[PDB]
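Trainee: The structure that follows is given in the form of structure tokens.
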Protein chains: 2
Amino acid sequence: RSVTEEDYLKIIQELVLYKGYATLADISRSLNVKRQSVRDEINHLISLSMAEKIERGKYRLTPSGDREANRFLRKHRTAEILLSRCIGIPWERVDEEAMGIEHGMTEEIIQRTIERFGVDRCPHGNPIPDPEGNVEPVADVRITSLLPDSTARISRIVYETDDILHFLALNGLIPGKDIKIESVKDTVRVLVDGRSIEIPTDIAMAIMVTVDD
Amino acid sequence: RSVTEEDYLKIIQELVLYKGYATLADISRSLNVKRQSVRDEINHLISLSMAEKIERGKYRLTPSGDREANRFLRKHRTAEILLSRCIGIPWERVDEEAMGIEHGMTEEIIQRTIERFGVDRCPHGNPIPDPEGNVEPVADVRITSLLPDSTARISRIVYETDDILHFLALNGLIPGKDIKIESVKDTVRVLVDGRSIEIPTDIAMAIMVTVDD
Ligand SMILES: [Fe+2]
Ligand SMILES: [Fe+2]
Ligand SMILES: [Fe+2]
Ligand SMILES: [Fe+2]
């Protein structure tokens, strides 16, 4: 697939949940689009009241751009469920592979997929928005906000890159797994499945967790 | 989805297998596109050596247009298998619903779907072409070419409209079912599952069968 508006909405929403803002160069690098085209699209989104400038070089979605993103992510996330549950596309690959089929996911397909597998989250734990673009508020927090000896459950991975998902899969840090914070100096080190894992800051920033209970 | 070149290739291939040719008005009606746009696309296909005029008002694909159609139908037919086997989209609806997700079916998805379900035909029995656009020749014939008392097995439905598939499903005339020709005057009447069914000519023309054995 070549790049669409919906791809811009998704990456901008991810970067904002991940680090608090989207830059042109971060969008350029994720979408593999030249900066100047990224600039034209951002300005177009701003003129449509779907994005706004936060300060210099830093952007985010407006509330209405966020709902539009959400209507797309309903398609995206359901496509991931379809691909991973029906045909065994690996957990860490399924974000990339959903890219083809997601644009044409109809409500017929989306709803039958949701009811057939009994899910309301993508395999990476992000909730599936409703058709209007609403998502239920989830009570979770950044794993980087936790003190040593905190116990928690991994909730969702808000930014789904290859390096990130591969690390998480390799170390079994997946939605639903109980973890315990061992250390927070330089990296975030946790206890999971009796094993100890150092999570570098760039990866830890993408991990949301729910604190018991 | 709005209309693409691939949609033109598919309907033209179907109409040719069905009645021996495609007219502008038949393409217009199937794709819901005004005749003039259908005309521009046909001329474009002709200039690309993907279609040719047979005689007045009658068109078909060239060999190379047929292979291109086939590369698309690999996507289409696999999408149908995915949708009907993974999530239970009804047999008679699955041709329409594949329309969204088919354009982005990658070889990764296509191949894992084929191996996961163990299929080399769509639910309506049409073979799944290979990535290059080849299909294995199938030894089947039109049900309208058969004499009374012939026995056969339904092979494929080469033209998949709503009226056609609905009739076939309603009367259990599906790939694999054994049938016996009872009569060929006005309609084609067959014996299937101990029941007798009159198949009108417009529907019978789309049914291929293999004569035993
Ligand atoms: Fe994703
Ligand atoms: Fe996901
Ligand atoms: Fe079909
Ligand atoms: Fe089919």
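Ordering of the structure tokens sets the chain letters (A, B, ...); residue numbers start at 1 within each chain; ligands are numbered from 1 in the order shown.
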If you count only C-alpha atoms and all ligand atoms, which residues end up within 7 Å of ligand 4, as a VMD selection string?

Mentor: chain B and resid 77 80 95 122 to 126 160

Trainee: Go through the chains and note each residue within 12 Å of ligand 3, using only C-alpha atoms and all ligand atoms, then give the set as a tab-separated table (two decimals) with N, CA, C and O atoms, in the first residue's frame.

Mentor:
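So the final result, stored in selection.tsv, reads:
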```tsv
chain	number	residue	atom	x	y	z
B	7	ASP	N	-10.86	-4.47	-10.95
B	7	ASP	CA	-12.28	-4.78	-11.02
B	7	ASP	C	-12.75	-4.94	-12.46
B	7	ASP	O	-13.61	-5.75	-12.76
B	10	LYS	N	-11.53	-8.46	-13.70
B	10	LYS	CA	-12.32	-9.53	-13.14
B	10	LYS	C	-13.67	-9.68	-13.84
B	10	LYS	O	-14.02	-10.78	-14.30
B	11	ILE	N	-14.45	-8.59	-13.92
B	11	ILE	CA	-15.78	-8.70	-14.53
B	11	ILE	C	-15.66	-9.13	-16.01
B	11	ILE	O	-16.47	-9.95	-16.49
B	13	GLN	N	-13.26	-10.92	-17.44
B	13	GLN	CA	-12.97	-12.35	-17.46
B	13	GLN	C	-14.21	-13.21	-17.14
B	13	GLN	O	-14.44	-14.20	-17.80
B	14	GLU	N	-15.01	-12.81	-16.14
B	14	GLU	CA	-16.25	-13.52	-15.80
B	14	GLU	C	-17.27	-13.56	-16.94
B	14	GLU	O	-17.90	-14.59	-17.17
B	70	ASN	N	-5.73	-12.87	-13.46
B	70	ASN	CA	-5.41	-14.01	-12.61
B	70	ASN	C	-4.60	-13.64	-11.39
B	70	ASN	O	-4.84	-14.19	-10.33
B	72	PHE	N	-4.71	-10.88	-9.87
B	72	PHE	CA	-5.65	-10.25	-8.97
B	72	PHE	C	-6.56	-11.30	-8.32
B	72	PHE	O	-6.84	-11.24	-7.13
B	73	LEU	N	-7.02	-12.26	-9.10
B	73	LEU	CA	-7.96	-13.26	-8.56
B	73	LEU	C	-7.33	-14.18	-7.52
B	73	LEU	O	-8.02	-14.71	-6.66
B	74	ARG	N	-6.01	-14.33	-7.58
B	74	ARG	CA	-5.27	-14.97	-6.51
B	74	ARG	C	-5.59	-14.27	-5.17
B	74	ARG	O	-5.86	-14.91	-4.14
B	75	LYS	N	-5.57	-12.95	-5.21
B	75	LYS	CA	-5.91	-12.13	-4.04
B	75	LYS	C	-7.38	-12.25	-3.69
B	75	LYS	O	-7.75	-12.47	-2.55
B	76	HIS	N	-8.23	-12.08	-4.70
B	76	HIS	CA	-9.66	-12.13	-4.48
B	76	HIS	C	-10.11	-13.46	-3.88
B	76	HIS	O	-10.83	-13.50	-2.87
B	77	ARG	N	-9.68	-14.56	-4.48
B	77	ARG	CA	-10.20	-15.87	-4.11
B	77	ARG	C	-9.69	-16.29	-2.76
B	77	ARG	O	-10.42	-16.90	-1.99
B	78	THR	N	-8.44	-15.96	-2.46
B	78	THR	CA	-7.88	-16.23	-1.16
B	78	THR	C	-8.57	-15.41	-0.08
B	78	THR	O	-8.72	-15.86	1.06
B	79	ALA	N	-9.00	-14.21	-0.45
B	79	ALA	CA	-9.70	-13.35	0.49
B	79	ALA	C	-11.04	-13.99	0.82
B	79	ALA	O	-11.45	-14.01	1.96
B	80	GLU	N	-11.71	-14.52	-0.20
B	80	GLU	CA	-12.94	-15.26	0.03
B	80	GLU	C	-12.76	-16.45	0.98
B	80	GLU	O	-13.61	-16.68	1.83
B	81	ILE	N	-11.69	-17.21	0.81
B	81	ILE	CA	-11.41	-18.34	1.69
B	81	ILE	C	-11.21	-17.84	3.11
B	81	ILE	O	-11.77	-18.38	4.07
B	83	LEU	N	-12.30	-15.05	4.47
B	83	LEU	CA	-13.53	-14.53	5.06
B	83	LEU	C	-14.56	-15.61	5.39
B	83	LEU	O	-15.24	-15.53	6.41
B	84	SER	N	-14.68	-16.63	4.54
B	84	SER	CA	-15.69	-17.65	4.79
B	84	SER	C	-15.22	-18.69	5.82
B	84	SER	O	-15.99	-19.10	6.69
B	91	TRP	N	-21.40	-18.08	2.29
B	91	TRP	CA	-21.06	-18.49	0.95
B	91	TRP	C	-21.56	-17.54	-0.15
B	91	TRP	O	-20.80	-17.14	-1.03
B	92	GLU	N	-22.82	-17.12	-0.08
B	92	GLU	CA	-23.38	-16.30	-1.16
B	92	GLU	C	-23.06	-14.80	-1.08
B	92	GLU	O	-23.36	-14.05	-2.01
B	93	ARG	N	-22.45	-14.38	0.02
B	93	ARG	CA	-22.14	-12.98	0.28
B	93	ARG	C	-20.65	-12.68	0.11
B	93	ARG	O	-20.22	-11.53	0.03
B	94	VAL	N	-19.85	-13.74	0.09
B	94	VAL	CA	-18.42	-13.61	0.33
B	94	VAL	C	-17.69	-13.04	-0.90
B	94	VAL	O	-16.57	-12.55	-0.79
B	95	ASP	N	-18.35	-13.07	-2.05
B	95	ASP	CA	-17.78	-12.46	-3.25
B	95	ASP	C	-17.82	-10.94	-3.10
B	95	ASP	O	-16.83	-10.25	-3.35
B	96	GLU	N	-18.95	-10.41	-2.65
B	96	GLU	CA	-19.06	-8.97	-2.39
B	96	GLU	C	-18.13	-8.50	-1.25
B	96	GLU	O	-17.46	-7.50	-1.38
B	97	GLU	N	-18.12	-9.21	-0.13
B	97	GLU	CA	-17.34	-8.77	1.04
B	97	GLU	C	-15.83	-8.86	0.85
B	97	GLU	O	-15.08	-8.25	1.60
B	98	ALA	N	-15.36	-9.64	-0.12
B	98	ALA	CA	-13.92	-9.74	-0.32
B	98	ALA	C	-13.40	-8.48	-1.00
B	98	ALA	O	-12.21	-8.23	-1.04
B	99	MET	N	-14.32	-7.69	-1.54
B	99	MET	CA	-13.99	-6.51	-2.32
B	99	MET	C	-13.13	-5.50	-1.58
B	99	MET	O	-12.25	-4.88	-2.18
B	102	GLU	N	-9.30	-7.35	-0.54
B	102	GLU	CA	-8.52	-8.09	-1.52
B	102	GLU	C	-7.33	-7.29	-2.07
B	102	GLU	O	-6.25	-7.84	-2.27
B	121	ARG	N	-8.87	-23.81	-4.24
B	121	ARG	CA	-10.05	-23.22	-4.89
B	121	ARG	C	-10.82	-22.26	-3.96
B	121	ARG	O	-10.81	-22.42	-2.74
B	122	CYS	N	-11.49	-21.26	-4.53
B	122	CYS	CA	-12.31	-20.35	-3.74
B	122	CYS	C	-13.52	-21.14	-3.26
B	122	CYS	O	-13.70	-22.28	-3.67
B	123	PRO	N	-14.36	-20.57	-2.38
B	123	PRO	CA	-15.50	-21.39	-1.94
B	123	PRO	C	-16.43	-21.78	-3.09
B	123	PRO	O	-17.14	-22.78	-3.01
B	124	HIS	N	-16.42	-21.00	-4.17
B	124	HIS	CA	-17.28	-21.29	-5.31
B	124	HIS	C	-16.60	-22.19	-6.33
B	124	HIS	O	-17.09	-22.36	-7.44
B	125	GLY	N	-15.47	-22.79	-5.92
B	125	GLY	CA	-14.77	-23.77	-6.74
B	125	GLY	C	-13.77	-23.25	-7.79
B	125	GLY	O	-13.11	-24.04	-8.46
B	126	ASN	N	-13.66	-21.93	-7.96
B	126	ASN	CA	-12.68	-21.46	-8.94
B	126	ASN	C	-11.26	-21.59	-8.43
B	126	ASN	O	-11.00	-21.33	-7.27
B	127	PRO	N	-10.35	-22.05	-9.24
B	127	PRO	CA	-9.02	-22.29	-8.73
B	127	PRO	C	-8.29	-21.04	-8.39
B	127	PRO	O	-8.53	-20.01	-8.92
B	128	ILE	N	-7.39	-21.17	-7.46
B	128	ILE	CA	-6.57	-20.07	-7.07
B	128	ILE	C	-5.33	-20.00	-7.93
B	128	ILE	O	-4.53	-20.89	-7.93
B	156	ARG	N	-17.22	-25.51	-10.61
B	156	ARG	CA	-17.03	-24.11	-10.28
B	156	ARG	C	-18.16	-23.27	-10.84
B	156	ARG	O	-18.80	-23.62	-11.83
B	157	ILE	N	-18.39	-22.15	-10.17
B	157	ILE	CA	-19.34	-21.14	-10.61
B	157	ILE	C	-18.52	-20.00	-11.19
B	157	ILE	O	-17.88	-19.28	-10.44
B	158	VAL	N	-18.50	-19.86	-12.51
B	158	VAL	CA	-17.57	-18.92	-13.14
B	158	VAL	C	-18.01	-17.45	-13.12
B	158	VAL	O	-17.23	-16.58	-13.46
B	159	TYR	N	-19.24	-17.20	-12.72
B	159	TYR	CA	-19.80	-15.85	-12.70
B	159	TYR	C	-20.59	-15.75	-11.40
B	159	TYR	O	-21.59	-16.43	-11.24
B	160	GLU	N	-20.13	-14.91	-10.48
B	160	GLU	CA	-20.63	-14.97	-9.12
B	160	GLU	C	-21.51	-13.78	-8.73
B	160	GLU	O	-21.12	-12.94	-7.92
B	161	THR	N	-22.70	-13.71	-9.29
B	161	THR	CA	-23.60	-12.62	-8.91
B	161	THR	C	-24.42	-13.02	-7.69
B	161	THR	O	-24.36	-14.17	-7.23
B	162	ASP	N	-25.16	-12.05	-7.15
B	162	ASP	CA	-25.99	-12.28	-5.98
B	162	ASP	C	-27.14	-13.24	-6.29
B	162	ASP	O	-27.30	-14.23	-5.60
B	164	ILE	N	-27.38	-15.36	-8.63
B	164	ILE	CA	-26.86	-16.67	-8.99
B	164	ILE	C	-26.45	-17.49	-7.75
B	164	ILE	O	-26.94	-18.60	-7.55
B	165	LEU	N	-25.57	-16.92	-6.93
B	165	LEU	CA	-25.10	-17.60	-5.72
B	165	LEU	C	-26.22	-17.90	-4.75
B	165	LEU	O	-26.24	-18.95	-4.13
```

Trainee: Excluding same-chain residues fewer than 2 positions from residue 22 of chain B, what lies within 8 Å of it counting only C-alpha atoms, as a PyMOL selection string?

Mentor: chain B and resi 12+15-16+20+24+26-27+58-60

Trainee: Please identify every residue of chain B that has at least one atom no more than 9 Å from any atom of chain A, counting only C-alpha atoms, and report them as a list in words.

Mentor: residues 1, 82, 83, 85, 86, 87, 88, 89, 97, 98, 99, 100, 101, 102, 103, 104, 105, 106, 108, 109, 112, 113, 115, 116 and 117 of chain B

Trainee: Any chance you could export the current selection's N, CA, C and O atoms as an mmCIF file, in the first residue's frame?

Mentor:
```cif
data_model
loop_
_atom_site.group_PDB
_atom_site.id
_atom_site.type_symbol
_atom_site.label_atom_id
_atom_site.label_comp_id
_atom_site.auth_asym_id
_atom_site.auth_seq_id
_atom_site.Cartn_x
_atom_site.Cartn_y
_atom_site.Cartn_z
ATOM 1 N N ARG B 1 -15.048 0.304 -1.366
ATOM 2 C CA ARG B 1 -13.998 0.564 -2.348
ATOM 3 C C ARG B 1 -14.575 1.197 -3.618
ATOM 4 O O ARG B 1 -15.646 0.800 -4.078
ATOM 5 N N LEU B 82 -10.421 -16.771 3.242
ATOM 6 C CA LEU B 82 -10.158 -16.167 4.558
ATOM 7 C C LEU B 82 -11.464 -15.773 5.203
ATOM 8 O O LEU B 82 -11.737 -16.146 6.313
ATOM 9 N N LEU B 83 -12.304 -15.051 4.474
ATOM 10 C CA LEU B 83 -13.532 -14.529 5.065
ATOM 11 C C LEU B 83 -14.561 -15.610 5.393
ATOM 12 O O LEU B 83 -15.243 -15.526 6.414
ATOM 13 N N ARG B 85 -13.961 -19.065 5.785
ATOM 14 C CA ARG B 85 -13.463 -20.038 6.718
ATOM 15 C C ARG B 85 -13.104 -19.478 8.069
ATOM 16 O O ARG B 85 -13.373 -20.116 9.036
ATOM 17 N N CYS B 86 -12.496 -18.309 8.140
ATOM 18 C CA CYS B 86 -12.121 -17.752 9.421
ATOM 19 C C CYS B 86 -13.332 -17.182 10.174
ATOM 20 O O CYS B 86 -13.491 -17.472 11.319
ATOM 21 N N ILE B 87 -14.198 -16.413 9.534
ATOM 22 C CA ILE B 87 -15.272 -15.743 10.265
ATOM 23 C C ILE B 87 -16.721 -15.972 9.893
ATOM 24 O O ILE B 87 -17.591 -15.343 10.412
ATOM 25 N N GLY B 88 -16.967 -16.878 8.985
ATOM 26 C CA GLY B 88 -18.298 -17.358 8.677
ATOM 27 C C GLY B 88 -19.139 -16.444 7.812
ATOM 28 O O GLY B 88 -20.357 -16.481 7.882
ATOM 29 N N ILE B 89 -18.500 -15.614 6.996
ATOM 30 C CA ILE B 89 -19.240 -14.843 6.009
ATOM 31 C C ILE B 89 -19.932 -15.823 5.062
ATOM 32 O O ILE B 89 -19.273 -16.655 4.464
ATOM 33 N N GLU B 97 -18.119 -9.210 -0.126
ATOM 34 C CA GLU B 97 -17.343 -8.774 1.039
ATOM 35 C C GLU B 97 -15.828 -8.864 0.849
ATOM 36 O O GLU B 97 -15.085 -8.250 1.598
ATOM 37 N N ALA B 98 -15.357 -9.645 -0.120
ATOM 38 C CA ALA B 98 -13.919 -9.740 -0.325
ATOM 39 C C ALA B 98 -13.404 -8.481 -1.002
ATOM 40 O O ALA B 98 -12.206 -8.229 -1.038
ATOM 41 N N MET B 99 -14.324 -7.694 -1.539
ATOM 42 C CA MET B 99 -13.994 -6.511 -2.316
ATOM 43 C C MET B 99 -13.126 -5.497 -1.582
ATOM 44 O O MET B 99 -12.246 -4.879 -2.180
ATOM 45 N N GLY B 100 -13.383 -5.323 -0.295
ATOM 46 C CA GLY B 100 -12.596 -4.415 0.513
ATOM 47 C C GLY B 100 -11.164 -4.883 0.695
ATOM 48 O O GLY B 100 -10.228 -4.188 0.290
ATOM 49 N N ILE B 101 -10.986 -6.071 1.273
ATOM 50 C CA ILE B 101 -9.663 -6.486 1.718
ATOM 51 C C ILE B 101 -8.760 -7.070 0.637
ATOM 52 O O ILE B 101 -7.566 -7.259 0.865
ATOM 53 N N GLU B 102 -9.301 -7.353 -0.536
ATOM 54 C CA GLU B 102 -8.522 -8.091 -1.517
ATOM 55 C C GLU B 102 -7.331 -7.291 -2.072
ATOM 56 O O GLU B 102 -6.247 -7.845 -2.272
ATOM 57 N N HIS B 103 -7.505 -5.996 -2.299
ATOM 58 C CA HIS B 103 -6.427 -5.222 -2.926
ATOM 59 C C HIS B 103 -5.106 -5.274 -2.176
ATOM 60 O O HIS B 103 -4.053 -5.212 -2.784
ATOM 61 N N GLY B 104 -5.166 -5.413 -0.858
ATOM 62 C CA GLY B 104 -3.966 -5.418 -0.041
ATOM 63 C C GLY B 104 -3.495 -6.786 0.432
ATOM 64 O O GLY B 104 -2.600 -6.862 1.267
ATOM 65 N N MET B 105 -4.095 -7.862 -0.083
ATOM 66 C CA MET B 105 -3.623 -9.217 0.218
ATOM 67 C C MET B 105 -2.174 -9.398 -0.280
ATOM 68 O O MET B 105 -1.916 -9.380 -1.478
ATOM 69 N N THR B 106 -1.234 -9.528 0.650
ATOM 70 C CA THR B 106 0.166 -9.766 0.325
ATOM 71 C C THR B 106 0.417 -11.257 0.127
ATOM 72 O O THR B 106 -0.401 -12.078 0.539
ATOM 73 N N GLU B 108 2.535 -12.935 1.794
ATOM 74 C CA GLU B 108 2.613 -13.495 3.140
ATOM 75 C C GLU B 108 1.226 -13.958 3.586
ATOM 76 O O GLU B 108 1.048 -15.082 4.018
ATOM 77 N N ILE B 109 0.235 -13.082 3.461
ATOM 78 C CA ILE B 109 -1.125 -13.420 3.882
ATOM 79 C C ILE B 109 -1.711 -14.537 3.005
ATOM 80 O O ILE B 109 -2.273 -15.505 3.514
ATOM 81 N N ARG B 112 0.002 -18.018 3.742
ATOM 82 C CA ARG B 112 -0.376 -18.566 5.044
ATOM 83 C C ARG B 112 -1.842 -18.973 5.069
ATOM 84 O O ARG B 112 -2.192 -19.911 5.746
ATOM 85 N N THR B 113 -2.701 -18.253 4.349
ATOM 86 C CA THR B 113 -4.114 -18.619 4.272
ATOM 87 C C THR B 113 -4.283 -19.964 3.534
ATOM 88 O O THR B 113 -5.036 -20.843 3.952
ATOM 89 N N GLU B 115 -2.111 -22.383 3.125
ATOM 90 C CA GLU B 115 -1.538 -23.506 3.864
ATOM 91 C C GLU B 115 -2.315 -23.830 5.133
ATOM 92 O O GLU B 115 -2.396 -24.991 5.533
ATOM 93 N N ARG B 116 -2.868 -22.799 5.775
ATOM 94 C CA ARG B 116 -3.652 -22.967 6.997
ATOM 95 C C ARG B 116 -4.966 -23.712 6.747
ATOM 96 O O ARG B 116 -5.362 -24.571 7.525
ATOM 97 N N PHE B 117 -5.639 -23.398 5.645
ATOM 98 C CA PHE B 117 -6.895 -24.073 5.363
ATOM 99 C C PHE B 117 -6.783 -25.204 4.336
ATOM 100 O O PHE B 117 -7.723 -25.976 4.183
#
```

Trainee: As an MDAnalysis selection string, please: all residues of segment 119-207 of chain A that backbone DSSP puts in alpha helix (DSSP H).

Mentor: chainID A and resid 162:170 201:204

Trainee: Using only C-alpha atoms, which protein or nucleic acid residues come within 9 Å of residue 38 of chain A? Drop anything in the same chain fewer than 4 positions from it, and give the result as a short mmCIF file (atom, residue, chain, number, x, y, z; two decimals) with N, CA, C and O atoms, in the first residue's frame.

Mentor:
```cif
data_model
loop_
_atom_site.label_atom_id
_atom_site.label_comp_id
_atom_site.auth_asym_id
_atom_site.auth_seq_id
_atom_site.Cartn_x
_atom_site.Cartn_y
_atom_site.Cartn_z
N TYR A 8 -1.20 8.72 8.33
CA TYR A 8 -0.71 9.87 9.07
C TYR A 8 -1.38 9.97 10.44
O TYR A 8 -0.73 10.26 11.43
N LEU A 24 8.00 16.17 12.23
CA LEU A 24 8.05 15.83 10.82
C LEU A 24 9.03 14.70 10.56
O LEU A 24 8.73 13.78 9.79
N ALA A 25 10.20 14.77 11.17
CA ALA A 25 11.24 13.76 10.91
C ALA A 25 10.86 12.38 11.46
O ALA A 25 11.20 11.37 10.87
N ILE A 27 7.69 11.30 11.66
CA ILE A 27 6.66 10.82 10.73
C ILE A 27 7.32 10.37 9.42
O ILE A 27 7.01 9.31 8.90
N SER A 28 8.25 11.18 8.92
CA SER A 28 9.00 10.88 7.71
C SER A 28 9.66 9.51 7.80
O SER A 28 9.60 8.72 6.85
N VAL A 33 8.41 8.57 3.92
CA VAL A 33 7.93 9.63 3.05
C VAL A 33 8.85 10.82 3.24
O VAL A 33 9.27 11.12 4.37
N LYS A 34 9.20 11.51 2.16
CA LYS A 34 10.07 12.68 2.28
C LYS A 34 9.42 13.79 3.14
O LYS A 34 8.20 13.96 3.16
N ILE A 42 0.73 17.51 7.05
CA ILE A 42 0.53 18.11 8.36
C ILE A 42 -0.22 19.44 8.23
O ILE A 42 -1.25 19.64 8.88
N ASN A 43 0.24 20.32 7.35
CA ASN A 43 -0.46 21.58 7.13
C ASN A 43 -1.91 21.36 6.67
O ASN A 43 -2.81 22.11 7.06
#
```

Trainee: Work out how far apart atom CA of residue 149 of chain B and atom CA of residue 185 of chain B are and give it in Å to one decimal.

Mentor: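 About the pair atom CA of residue 149 of chain B and atom CA of residue 185 of chain B: they are 13.6 Å apart.
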
Trainee: Atom CA of residue 138 of chain B and atom CA of residue 49 of chain B, how far apart in Å?

Mentor: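 Between atom CA of residue 49 of chain B and atom CA of residue 138 of chain B the gap works out to 25.8 Å.
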
Trainee: Would you work out the distance separating atom CA of residue 201 of chain A from atom CA of residue 154 of chain A, expressed in Å to one decimal?

Mentor: 16.0 Å
